[PDB]
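The primary structure of each chain is shown beneath.
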Amino acid sequence: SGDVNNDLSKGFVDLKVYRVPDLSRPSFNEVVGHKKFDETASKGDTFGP
């Protein structure tokens, strides 16, 4: 979305990534509605260990 803002018929794909702190695995309700997706990911971003 940070590419196009002048045309309302271009379509886009926005990826907001939340990095789980440890190697833990929150299931779905410990993340969605509770955690905040502030970091932005895109095509090329290298992810953690």
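What counts, and at which threshold
Residue indices run from 1 on each chain, following the sequence as it is written; they may not match the entry's numbering, and residues absent from the coordinates are omitted. Here the displayed chains are drawn from a larger assembly, and the quantities reported describe the displayed chains exclusively. To get the side-chain values, all heavy atoms of the structure are used, and hydrogens and water are removed first. Patches here are clusters of residues that have more than 30% relative accessible area and form no salt bridge, with a 9 Å joining cutoff for like charges and a 5 Å cutoff for nonpolar side chains (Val, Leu, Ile, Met, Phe, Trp, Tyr). All accessibility values rest on the Shrake-Rupley procedure with a 1.4 Å probe; residue burial counts only the protein chains present in the view. What makes a salt bridge here is a side-chain nitrogen of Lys or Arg within 4 Å of a carboxyl oxygen of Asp or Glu, nothing more. A run of H or I in DSSP counts as a helix once it spans at least four residues, and a run of E counts as a strand once it spans at least two, with each numbered from the N terminus. Throughout, exposure labels follow a simple rule: accessible area from a 1.4 Å probe, protein chains only, divided by the maximum for the residue type, with under 20% read as buried, over 50% as exposed, and the rest as partly exposed. A contact between two residues is defined here by any heavy atoms of the two lying within 4.5 Å.

**Here's the deal with a nonpolar patch on the surface**
A surface patch of nonpolar side chains, amounting to about 260 Å² of accessible area, comprises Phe28, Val32 and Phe37. On the secondary structure map, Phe28 appears in the loop between β1 (15-17) and β2 (39-41).

**Description of the pattern of salt bridges**
This model, assessed by the stated rule, comprises 1 salt bridge. Between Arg19 and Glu39 there is a salt bridge whose closest N-O contact spans 2.6 Å. With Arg19 in the loop between β1 and β2 and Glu39 in strand β2, this pair connects stretches of sequence that are 20 residues apart. Taking relative accessible area as the criterion, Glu39 reaches 37% and is therefore assigned partly exposed.

**Comments concerning the environment of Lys16**
Residue placement: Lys16 occurs in strand β1. Judged by relative accessible area, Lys16 falls into the partly exposed class, the value being 41%. The spacing of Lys16 and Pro49 is 33 residues in sequence and 19 Å in space, taken between C-alpha atoms. Apart from residues no more than four positions distant in its own chain, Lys16 is found in contact with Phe37, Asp38, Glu39 and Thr40.

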